[PDB]
Each structure stands twice: as structure tokens, then as C-alpha cells.
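These notes are about the structure you will find just below.
First the proteins, then the strands, lettered A, B, ... as listed; each starts at 1.
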Amino acid sequence: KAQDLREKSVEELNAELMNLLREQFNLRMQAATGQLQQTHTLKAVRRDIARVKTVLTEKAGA
Amino acid sequence: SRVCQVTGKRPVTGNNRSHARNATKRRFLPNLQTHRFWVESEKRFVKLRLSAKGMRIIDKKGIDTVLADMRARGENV
Amino acid sequence: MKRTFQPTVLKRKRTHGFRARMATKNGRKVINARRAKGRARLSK
Amino acid sequence: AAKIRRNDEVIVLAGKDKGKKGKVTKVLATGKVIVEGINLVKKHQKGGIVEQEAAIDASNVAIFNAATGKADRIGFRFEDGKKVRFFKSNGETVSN
Amino acid sequence: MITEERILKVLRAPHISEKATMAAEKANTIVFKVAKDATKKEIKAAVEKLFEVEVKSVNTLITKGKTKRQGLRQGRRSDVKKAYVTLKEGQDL
RNA sequence: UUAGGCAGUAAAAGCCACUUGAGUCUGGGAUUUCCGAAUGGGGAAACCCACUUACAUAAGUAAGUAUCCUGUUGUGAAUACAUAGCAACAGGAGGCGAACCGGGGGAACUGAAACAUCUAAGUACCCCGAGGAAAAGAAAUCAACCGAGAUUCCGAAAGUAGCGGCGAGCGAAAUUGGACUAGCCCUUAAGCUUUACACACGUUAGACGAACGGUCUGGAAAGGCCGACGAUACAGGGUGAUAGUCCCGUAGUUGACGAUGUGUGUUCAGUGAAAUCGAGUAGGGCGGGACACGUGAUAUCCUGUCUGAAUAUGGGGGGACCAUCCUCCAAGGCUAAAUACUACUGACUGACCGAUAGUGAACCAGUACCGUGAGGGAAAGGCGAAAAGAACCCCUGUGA
RNA sequence: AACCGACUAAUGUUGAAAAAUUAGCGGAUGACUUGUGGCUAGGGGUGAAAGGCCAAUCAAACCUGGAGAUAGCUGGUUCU
RNA sequence: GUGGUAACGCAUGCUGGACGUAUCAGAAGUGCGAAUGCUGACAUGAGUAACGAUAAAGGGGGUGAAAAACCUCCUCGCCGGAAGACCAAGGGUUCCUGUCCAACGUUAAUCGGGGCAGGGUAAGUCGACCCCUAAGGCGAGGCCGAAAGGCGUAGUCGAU
RNA sequence: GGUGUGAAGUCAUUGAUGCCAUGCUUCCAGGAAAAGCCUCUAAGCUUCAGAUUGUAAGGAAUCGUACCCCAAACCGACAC
């Protein structure tokens with residue numbers, strides 16, 4: 001997270017995004033099934049995605 | 001509207017006044033008429049809705065000056 | 001006995017609906033009035 | 001900016017537990033502190049009847065000088081560029 | 001052309017229910033709670049990609065949310081779109 | 001900025017952080033579904049369906065696509081030219097907002113102890129258009145033979161002169177005391193707006209911030225008693241009763257990277273602007289309206305209608321009209337301040353209210369509820385210092 | 001018969017119902033009746049005409065505003 | 001209890017739990033029994049009328065704290081061009097299940113269209129959307145109108 | 001409860017207000033529109049693009065769908 005994302009290229013940024021999105025899918029499925037005890041991770045992945053989408057919007061154009 | 005294109009004369013409001021001095025609202029309309037003015041410069045007639053006073057003004061100033069004035073005002077002529 | 005309120009949704013909307021109010025000057029006056037009053041429901 | 005902090009030995013200034021020392025466990029934003037072993041209240045839980053600490057007003061507690069063995073007031077001063085608390089009497093910087 | 005971002009947003013959760021269980025046991029149908037926007041094509045794509053199964057059919061409904069009183073303040077629960085996804089014979093999820 | 005934080009109801013849960021990537025505060029970025037002026041078209045607002053162009057290969061994605069006004073380019077009819085038309089492009093606009101402002105329209109109840117002139121009233125209301133103010137403004141003004149010197153606002157003159165079914169009522173100016181003051185151009189100005197360059201100058205998170213013990217009463221001390229101490233700080237609030245010294249503050253002293261605002265210059269690019277000193281004008285006739293002034297003996301102003309000069313040797317005004325005299329130069333423009341208002345933001349104040357009051361609304365209120373709708377429109381505050389909100393037992397329906 | 005209507009009576013009249021019920025009664029292929037959607041709006045509409053009807057309201061709807069109209073009338077007007 | 005001619009004053013027990021306020025001045029939202037006053041509360045009538053079609057119940061068993069009213073069984077009665085079954089409209093979760101019975105239900109209630117929780121609505125073919133248009137609406141330009149607007153062409157909407 | 005397994009399953013007659021029928025006959029009051037659809041060409045395109053017939057492959061979205069409807073769930077303040 002943080003400015004580390006800005007070191008990464010737009011391509012690899014997108015690669016993170018897709019990974020995060022997949023992690024976020026798994027956590028949804030678990031949350032519903034009741035397998036998810038650590039609820040804290042949902043807000044984490046969600047905020048991590050926003051960081052990436054922030055950087056990607058920066059890297060767009062400029 | 002009943003508005004002279006040359007002068008801007010529009011309907012004004014006033015009173016009717018009886019012998020008993022009863023005031024009823026009335027309007028005073030401009031003596032609007034339509035007249036096709038041949039405009040040499042543009043080799044066309046231009047039909048204007050204008051007051052009879054407006055015509056007198058076109059007789060003094062000529063159509064070319066009046067058309068200019070109007071176009072400036074944003075009249076569609 | 002037939003009472004006065006014989007609802008149809010379509011007639012409610014076409015008379016008192018938002019797009020009906022917005023179509024006319026005086027309708028917009030009503031919406032603005034209601035919006036100024038603080039009315040949760042501007043239209044029916 | 002806060003005179004009383006968590007993990008501060010304090011002496012109680014007011015109430016039933018006046019003159020009793022304890023450690024600030026928690027500082028609520030309501031201006032209340034919970035202090036180990038101070039405003040104990042018996043709570044009938046559904047369980048048993050269990051003694052628990054109750055929040056006290058922060059103004060009802062004072063930092064304990066320990067060296068002087070008294071309550072003291074706390075000022076703030078800059079020391080090595082960082083702001084530090086100090087005891088108003090001794091002048092000594094509080095452990096913090 | 002359904003993107004992977006779209007595929008990862010479409011399926012919101014599995015739907016747990018006596019009816020859902022019957023569907024799974026009897027008719028090889030998995031009931032999901034899908035996104036409101038989700039279309040039957042997007043849902044099929046998502047089920048195929050994220051569970052590696054072959055889908056026969058997708059049936060969808062929206063359940064309109066219940067009004068609840070909650071003391072003084074009445075309020076509605078949110079509309080849920082569910083998707084009855086029938087897997088081809090032999091496929092398990 | 002700093003020890004706690006993950007909004008509340010609202011507990012739990014899983015967590016994060018602890019001297020600075022915890023978090024918070026301020027600012028600036030990013031994201032910003034759909035509806036709404038709503039603008040691709042449509043539409044029962046929050047929905048439906050497109051075209052174009054790119055992309056995708058499948059039946060998707062993204063972007064663009066309103067109308068009008070102004071301008072500029074093209075194209076381009078009836079007839080040659082041309083124009084209309086059509087298209088493209090650029091720049092504007094549209095909606096909302098409590099009041100204040102200018103303008104277009106404009107009542108009636110009522111008063112007149114009836115009522116029609118008159119009044120209410122150019123009010124209410126409707127409409128249009130602004131702006132931070134607006135409007136007005138630089139004498140074809142007054143005055144009175146002496147003089148004054150744009151406009152606006154305030155005090156007098158004065159309920160005076162007048163007007164008025166001379167009823168009810170309406171109501172000036174000259175002149176004078178103030179506030180504020182500024183004039184500048186059609187041979188092209190002052191100002192205004194922009195643009196940057198400077199500089200100042202303020203604002204925008206904040207920081208530090210004095211001095212109290214003992215004893216008594218009490219559940220609790222801020223109270224009492226005793227003795228201290230601070231005060232450029234005894235504003236105010238909080239704390240288990242009533243606190244200068246417990247806390248937050250206060251006085252005072254400080255703080256802005258960046259971002260804003262302001263005022264100066266110094267620039268730019270505009271605007272002012274109507275060009276060129278004012279003719280369909282002044283004046284007149286008829287009808288109305290405005291001026292305190294109701295047509296009166298009624299000057300002056302505006303003009304719907306019909307007319308119509310002179311043009312510094314000239315013209316306007318000086319309350320019918322004439323002479324004389326004085327004064328001003330209309331028919332082109334721009335112009336700050338003193339003035340009006342406050343829905344909104346901050347601070348502070350109250351011989352203002354304290355829950356039938358004060359807002360309709362202290363409370364999840366323009367809510368509930370009522371009504372087809374416009375619209376109408378409530379009631380409803382207070383355990384305790386702290387939930388310590390009554391473990392457990394007993395009656396009872398594992399109730400109340 | 002349905003359906004539309006509403007001539008008589010009784011009940012009911014703090015109703016079961018702000019116009020009904022029960023028994024009878026008229027029309028019942030027509031100037032019929034009915035659904036849906038349209039249009040006409042207040043000195044206005046609409047009326048096979050009753051001043052009927054225009055949301056249980058009508059010799060001028062309803063709402064808001066002018067507006068605290070006006071009320072030579074009635075009521076009421078608080079301690080010693 | 002006491003004082004004064006009075007409005008009222010003073011003292012004090014109990015209650016109450018934090019304010020009150022002399023004196024002299026100052027200012028008023030300054031005094032209520034009436035207004036078919038206004039708001040709230042609570043009476044009287046009165047444990048009175050009534051408990052909403054005179055289609056009708058009887059019994060055995062069950063469950064339950066409790067059963068005329070719920071479940072169940074056997075009988076009886078009532079509707080049957082409906083008091084049955086569907087659909088549109090209109091409503092909007094009332095549907096099904098579990099649980100509860102305070103309030104709601106004109107009684108009780110174990111029951112309920114009541115409370116609480118959970119579940120439930122699956123479409124190429126039904127309907128909408130959609131193509132099409134009727135009445136009619138809106139309406140680029142346009143015509144007309146103090147303004148607001150009115151009318152209307154091309155269009156575009158509009159089902160019944 | 002579950003599954004499982006299951007006989008006969010014909011004929012005559014009667015007979016709709018349903019169907020043929022948007023028919024037929026007749027009458028006067030003279031009986032929607034528009035599209036889908038068929039066909040014709042125009043401008044325009046002519047190894048095309050298109051058209052037809054066929055054969056494969058794929059699609060057909062989106063929204064409604066519970067429940068009440070001679071009603072205790074709609075309109076009547078009410079389980080009227």
C-alpha cells in the first residue's frame with residue numbers, strides 16, 4: 001500500500017487490483033457462509049483496493 | 001406581439017374616464033401595420049410590422065439606416 | 001355507495017406526478033414551494 | 001495537550017475515593033477516566049454481583065508526584081523539540 | 001464482453017435456505033445473491049469463471065425488501081436480486 | 001495535532017495505534033450510481049430505448065450526441081446573382097435562492113359612518129431583469145437680480161403652501177443642518193474587467209497559558225472555619241452542592257508549508273463606445289398617465305394617436321399668458337462613496353422565552369396525521385453524581 | 001333475470017350505512033349500460049334545465065395570500 | 001399558628017432537594033369563574049345502550065396456566081350464476097413457517113390480516129418493456145400575445 | 001409419510017351463451033387508425049451489397065410474477 005503502489009507500473013497495478021478483487025470475492029463468500037471470523041480483513045482489502053484505484057487514476061494521463 | 005419593429009412602440013396602459021370620472025383600465029395600442037419595403041442594397045422586399053409613425057421615420061431616415069438600427073437591436077429583418 | 005376516491009396510479013401520476021408538476025410554470029412553483037417548506041414528498 | 005493520560009499514576013481529588021492512588025486505565029472522550037481500583041461499583045450481572053471500576057471525572061484526579069508524594073498540576077514545555085509534561089511544583093518532567 | 005472486475009462484482013454471496021438446499025440436492029441449482037445490476041449472461045460468466053463449472057441455465061428474481069418498524073421509525077430493507085443457477089449434469093459447486 | 005481510534009443509536013465483534021503513515025483538524029486533490037435546469041430521444045422523477053465513432057467478437061465496452069442566442073466557416077432553393085434554408089465550429093445562456101433593487105402589469109375588502117369622484121394604493125399579488133448592492137447622477141437644475149452648483153441618504157422648514165364629492169383624506173418646495181463627495185468622454189476619457197509581474201497586507205489547522213492546603217458538614221465540597229497564593233487571567237463553562245487557584249478556557253504571547261482574500265503599483269487584453277455634440281427631436285392638437293397638485297386659471301414631465309420647428313443671429317426654463325431680465329444648453333454616453341437587505345458564516349449581547357412559553361419544530365417535525373390536490377399541520381423535554389438500571393430467592397403462565 | 005335505476009311502505013335516524021336494509025317497484029337492443037384513457041375550471045365549466053352537478057361542499061368550488069377586511073352588533077374583560 | 005381594613009404579610013412542622021433574595025428604586029407578557037373561550041386531565045349519564053345481518057349449532061378428544069370461540073373427529077345447519085374458483089384494478093408482504101399474546105381483535109384466545117424472527121415471487125413463449133397508432137398531450141422552426149404565455153407545423157408521445 | 005405400481009380407459013345420446021363466425025342474411029344510423037406483413041419500383045449499389053431457400057452455431061435481454069379481489073387485504077375514519 002501507500003506510495004509503493006506509485007513505484008509499480010500501471011500494468012502491475014492492475015495485477016494487484018485483480019488479486020485484491022479476487023481476495024475480496026473469497027472474503028464475501030466466506031462472510032456469507034460464516035467461515036469468516038476475522039471480519040477486519042474486509043475493510044482492509046476494500047481500502048487497499050481504493051489505494052490502488054487512486055494511484056491508477058493518478059497514472060492515467062500523467 | 002403588438003410591438004413596432006422600427007420604434008419599439010408597444011401597447012401602453014391608461015384609463016378610460018367617464019363624465020362621472022370613473023376610471024377603467026384600458027390599453028392604447030400602437031397603430032401597427034404591415035408594409036413591404038423594397039430595400040435596394042439587398043434587392044428584396046422586407047415586410048415590417050411597424051407603426052404608421054415608424055413609416056414616417058423610414059421616409060426621413062430611409063430603409064437602410066432603419067434596417068441597420070433594427071438588426072443592432074436584434075430584430076430579425 | 002361509490003365514494004369519491006377511485007384511485008388509479010396512472011391518473012394520480014399524470015395529474016399530480018413530478019413530471020406533470022415540472023411541465024408547467026405554476027407546477028414548478030408548487031414543487032419549489034414544497035421544497036422550500038421542507039416537504040419530504042414533492043409529488044404524488 | 002492532555003494532562004491526564006492512560007498509564008498515569010493519579011491520586012483522586014474528589015468523591016468517595018479521595019486520596020487513593022491508581023493507574024488511569026482508559027480515558028473516555030466524555031472527560032471521564034477509569035482508574036484501577038477507584039470508583040468501584042457493584043454490578044448485578046445476569047453471572048453475579050461483581051465489583052467493577054466506574055469512570056470518574058478527569059478533573060477529580062491528579063497526577064501523583066511520588067517524589068513529593070502529593071498531587072500536582074501539569075504544565076507543558078518543549079524539551080529537545082518535543083513537548084513534554086512537567087510537574088508544576090518540582091518543575092520535573094513527568095515520566096510520560 | 002464481461003471483464004474480470006465485472007465478474008468479481010456480480011456474485012455477492014451464496015443464498016442459504018431450505019429452498020436453496022432442495023434446489024441444490026434435487027435440481028443441481030445453486031442459488032446466489034447477485035448484484036442488482038447483474039444480468040443472466042454476466043451471472044453465467046461469473047459462475048463459470050470463479051467456480052470452474054458449466055452452467056445450463058440462469059434464472060433471476062428480485063425480492064423487494066420488507067418494511068420494518070424498528071420502534072418509531074419505519075423503514076424498508078434493501079431489494080435482493082437472487083440467481084437460480086443450474087449447473088450442467090455432473091458439475092458440483 | 002497527539003494517545004488513543006475504527007460515526008451515532010449501541011452494545012458487542014474483529015481489529016489498528018501508542019511519538020508519530022494510529023487517529024484527528026484544516027486545505028487541496030481523486031472518486032463521485034441514478035434522478036433533478038437535466039441537455040442523445042422518450043418518460044408515470046430516480047426508468048426505457050438509441051445513433052455516431054472507436055474498440056472489441058460476439059449480440060459488449062467507452063466516448064460523443066439537447067435547445068436557443070451570438071459569431072465564424074462552409075455548403076446552399078424557388079429565378080442569374082443572391083438570399084432563405086441547411087450543416088460544422090467557437091463562445092454564451094437556461095435552474096435554485098429569505099430579503100434588498102429596477103422595470104412590465106395591477107386588485108379588493110376598507111375609509112368616506114350609505115356611495116359612484118376620492119381612499120385603500122401604485123399596496124397585495126403576478127411577471128421580467130439584475131447586482132452585491134441596485135437605482136440615480138454631473139443642470140436645457142434651482143434661485144431671484146443676490147447667489148447656488150451632479151446623484152443618494154439623514155435632520156429641519158412643515159402637517160406649513162397647496163391638492164381635495166374643498167368631504168374622507170392627500171401633502172410639497174424654496175431654504176437650511178448633516179453624511180459622502182468626483183467627475184469623465186464622443187478627435188474616444190475617467191472608470192470597470194482581465195492578465196500576469198512584483199511587493200506589501202490579512203485570513204485559513206493551532207501552541208503555551210498564573211495561582212490552594214488543612215479542617216468541619218455532607219453521599220459527594222466548589223460550601224463553612226483557618227491560613228495561603230495568582231490576577232494585563234474574577235469572560236464563560238464543566239467537575240458528586242455554590243471553584244480566581246481541579247479541569248476546559250480567559251488575559252497575554254505566539255503559529256501557515258500550502259491555499260485563499262485584499263490593497264498597491266507595474267503590465268496585458270478588453271470594455272466604456274452611443275462616435276463626432278444629438279430632428280421625426282423640441283413644440284403642437286386629441287386621449288391618457290406622472291408630478292403633493294383630482295384639469296382646475298394649471299406651469300413642468302411621460303406618450304397611444306396625428307403633426308412638427310429653430311438650430312447660439314438659436315433654443316429650454318423661471319407654475320396660465322405676455323414683455324423685460326436672469327439662468328441653463330434637450331433630443332449621445334460612463335461614473336465611486338454616503339443608501340437598502342441578510343437566507344448563510346463567526347463572535348458577542350439581552351430588565352427576551354424557559355416546554356400550554358420560545359420557532360410549527362428543545363424530542364428522528366414540515367415528521368405523524370388530514371386532504372385527489374394546492375395545501376393544512378400536531379403532540380411529545382427532565383431516574384441518578386454515576387446505571388451502580390435491581391445477581392439471587394419467592395408468588396405467578398419459564399407472564400403482567 | 002343479470003345490469004341500470006329508485007315509485008311505495010316499514011325499519012333505521014347516538015344507524016350495520018354522513019342516504020342503507022327488507023318487501024314490493026321501473027327500464028332491461030337502447031335517447032341503453034359499463035371499463036380504461038382523454039377534454040372542458042370558477043362569474044368559469046357542464047346541464048334532455050333541478051340553480052342540478054363540478055371530490056359527502058355550490059344563487060358562484062377549494063387552497064393560500066390581501067387579512068388582524070369591516071362588525072354603530074353580541075359575548076367577555078382578571079388584585080384590594 | 002399568628003398580624004393587618006383589605007389585597008396579603010410573617011413564623012413554623014412535614015414534604016422537597018438547590019436555589020432564593022431584604023431594602024429602596026426601575027420596568028412590565030402583573031392578578032381570571034365566566035367569553036356556546038383554548039389545551040390537557042378527570043367526572044356525570046352508567047357498569048346503562050350496544051358487542052354490526054335470526055345461515056345454527058351439539059358433542060367426544062387434543063393442546064394449554066386457562067378452551068363456547070384454536071386444533072382434531074363425528075353429527076347438524078348455511079351459500080352454491082356464490083358466501084365457489086380465477087383475472088384486471090387498487091393495495092403492498094397482508095403470503096408461508098416458527099414464536100409471542102402486552103396493545104390490536106367490540107368477550108376470552110392457546111388463535112389472527114396483531115407483535116417478533118426467518119423464509120418465499122425462477123419465463124425466448126404470460127404481462128410489461130418493445131413496434132404501431134386513437135382520443136388527446138407536448139410541440140423545433142412558425143403564427144399570435146404587455147410579461148407570463150396561447151395556438152400550432154414537422155415531429156414526438158399517448159391504450160382502453 | 002415415502003416410493004412402486006396400478007385395472008378399465010369404449011359407445012351412444014344430448015348439447016352450449018364456446019368454436020366455424022372478422023362468416024352468412026338484412027338494415028341504416030353506414031361501421032377506428034397506424035404498423036408488423038405482401039408487392040412494386042425510385043434514388044442508389046451491380047466480382048458487391050443485398051434478396052430467396054437451406055444447413056449449422058449461437059442468442060431472445062430487462063422489469064413484473066408472493067398474497068387479497070361478490071373483499072377483514074381495494075374505495076367507504078371501523079375486521080363497516
Inset, instruction - Give a yes or no on whether a salt bridge exists between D48(A) and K53(A), defined as a side-chain N under 4.0 angstrom from a carboxylate O. - result: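 No, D48(A) and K53(A) are not salt-bridged.
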
Legend entry - Pair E9(D) + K21(D): basic N to acidic O under 4.0 Å: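 Salt bridge flag = no for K21(D) with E9(D).
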
Inset, instruction - Could you say whether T4(C) or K81(E) is positioned toward the 5' end of RNA chain I, judged by the nucleotide with the nearest heavy atom to each? - result: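 Closer to the 5' end of RNA chain I: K81(E).
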
Mark up [range], 5' to 3', with B wherever a protein heavy atom is under 4.0 angstrom from a base atom, S wherever such an atom reaches only the sugar-phosphate, and - elsewhere.
range                          : value
nucleotides 117-126 of chain H : SBBBSBS---
nucleotides 139-160 of chain H : ------BSSS---------SS-
nucleotides 12-20 of chain F   : --SS-BBB-

Atom pairs and distances, donor-acceptor, side-chain atoms in residues 26-40 of chain D, under 3.5 Å, two or more places apart:
none

Inset, instruction - Runs of at least three consecutive Watson-Crick or G-U pairs, both distances under 3.5 Å, are what I'm after; which ones involve RNA chain I? - result: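 Ordered by first number, the stems with RNA chain I (at least 3 consecutive pairs each) read H:126-128 with I:62-64.
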
OP1 or OP2 of [N] less than 4.0 angstrom from a side-chain nitrogen or oxygen of [X], does that happen here?
X      : N       : answer
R34(C) : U64(G)  : no
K43(B) : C81(F)  : no
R17(B) : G289(F) : yes

Legend entry - Shared hydrophobic cluster, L13(D) / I4(D) (ILVMFWY, side-chain heavy atoms < 4.5 Å):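 Different clusters: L13(D) never reaches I4(D) through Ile, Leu, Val, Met, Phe, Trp or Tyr contacts under 4.5 Å.
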
Legend entry - Watson-Crick/G-U partner (both atom distances under 3.5 Å) of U262(F):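 When the pairing criteria are applied, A200(F) turns out to be the nucleotide that pairs with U262(F).
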
Legend entry - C101(F) to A93(F) separation - P atoms, rounded to the nearest Å: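 Between the two P atoms, the distance is 27 Å.
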
Under 3.5 Å, which donor-acceptor pairs link side chains of residues 20-32 of chain A to any protein atom two or more places apart or in another chain?
residue	atom	partner	partner atom	Å
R22(A)	NH1	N19(A)	OD1	2.6
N26(A)	ND2	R22(A)	O	3.4
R28(A)	NE	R12(E)	O	3.3
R28(A)	NH2	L8(E)	O	2.8
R28(A)	NH2	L11(E)	O	2.6

